[PDB]
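Peer 1:
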Ligand SMILES: Cn1ccc(C(=O)NC[C@H]2CCCO2)n1
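Residue numbers (the deposited numbering): 8 to 192.
Written as structure tokens, this is what we have:
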């Protein structure tokens with residue numbers, strides 16, 4: 008792919024984070040804490056899952072960023088509507104305003120309804136995310152495997168401003184403590 012030149016500098020929005028997340032001072036890394044991180048509750052925070060949004064809002068153009076997932080067992084990544092539900096249980100689907108992929112139990116899947124099996128020969132350590140707002144496209148790339156395509160959502164109906172979306176996953180196993188990191192441009 009030749010999307011690197013649409014690179015954007017993403018930072019995480021503390022105010023949207025689940026109350027157990029720890030966001031680094033530079034707002035470029037997030038991990039699961041072992042307890043509540045001593046913040047007040049607010050209507051923006053994801054309550055049920057270890058999720059957080061980027062601060063940036065996109066309503067036009069082409070955007071590209073990269074995320075480091077090294078040594079994680081579980082995570083979700085992509086974009087979502089600014090108006091997605093924050094509280095209670097929900098599925099990651101385009102009907103609910105999410106365009107995402109994930110790792111779970113040694114398999115990679117795209118957040119369609121129902122979910123789609125991904126075919127990855129080289130487990131990725133870094134994921135590239137490309138959004139073309141006007142075209143209605145969200146694509147995922149395997150940076151570890153020379154940028155190979157993972158998945159394309161096309162005919163997307165964004166229906167609002169988009170925000171970068173992250174889920175660090177639970178750490179019931181003790182094997183999923185590692186952070187998500189936004190990689191330098
Ligand atoms: C499950 N559910 C429905 C609505 C809410 C909500 O807004 N909670 C946030 C807090 C902290 C201050 C006000 O309430 N949570």
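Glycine included, every Cβ here is placed at the ideal spot set by N, Cα and C.
Would you report the Cα separation of residue 77 and residue 158, rounded to the nearest angstrom?
Peer 2: Cα-Cα distance, rounded: 19 Å.
Peer 1: Which residues end up in the neighbourhood of ligand 1 when you take C-beta atoms closer than 5 Å to any of its heavy atoms?
Peer 2: Spelled out in chain order, the answer is 48, 50, 94.
Peer 1: Can residue 120 and residue 104 be called in contact, C-beta distance under 8 Å?
Peer 2: The answer is no: Cβ separation not under 8 Å.
Peer 1: Taking the beta strand (DSSP E) that residue 32 belongs to, which residues open and close that run?
Peer 2: First-last for residue 32: undefined, no H or E at that position.
Peer 1: Report yes or no: do three or more beta-carbon pairs, one from the stretch 179–189 and one from the stretch 97–111, lie closer than 8 Å?
Peer 2: Taking 8 Å as the limit for Cβ pairs, the verdict is that the stretch 97–111 does not touch the stretch 179–189.
Peer 1: To which residues of the same chain is residue 27 closer than 8 Å at the C-beta, ignoring the five residues directly before and after it?
Peer 2: Taken in chain order, the residues that qualify are 39, 40, 42, 43, 44, 57.
Peer 1: Relative to the C-alpha of residue 36, which residue among 136, 140, 19, 130 is closest?
Peer 2: Per the Cα distances, 19.
Peer 1: State the start and end residues of the unbroken beta strand (DSSP E) segment that holds residue 132.
Peer 2: Element bounds for residue 132: n/a, residue is neither H nor E.
Peer 1: Going by C-alpha to C-alpha distance, which of 165, 174, 144, 161 sits closest to residue 80?
Peer 2: Taking only the C-alpha atoms, the option nearest residue 80 is 174.
Peer 1: Going straight from the alpha carbon of residue 187 to that of residue 134, what length do you get?
Peer 2: Cα-Cα distance, rounded: 11 Å.
Peer 1: Within a Cβ cutoff of 6 Å, which residues of the same chain sit near residue 59, ignoring the five residues on either side of it in sequence?
Peer 2: Closer than 6 Å at the Cβ level, and outside the excluded window around residue 59, lie 19, 23, 24, 28, 37, 173.
Peer 1: Would you say residue 190 and residue 83 are within 8 Å of each other, going by their C-beta atoms?
Peer 2: It is not a contact, given that the beta carbons lie outside the stated cut-off.
Peer 1: Tell me where the beta strand (DSSP E) around residue 125 begins and ends.
Peer 2: Counting along the chain, residue 125 falls outside any beta strand (DSSP E), and DSSP gives it neither H nor E.
Peer 1: When DSSP labels each residue in this structure, what does residue 55 get in the three-state scheme?
Peer 2: Coil at residue 55, not helix or strand.
Peer 1: What is the residue span of the beta strand (DSSP E) that residue 171 lies within?
Peer 2: Where residue 171 is concerned, the enclosing beta strand (DSSP E) stretches over 169–174.
Peer 1: Within 10 angstroms of the Cβ of residue 49, are there 16 or more other Cβ atoms? Answer buried if so, exposed if not.
Peer 2: Exposed is the call here.
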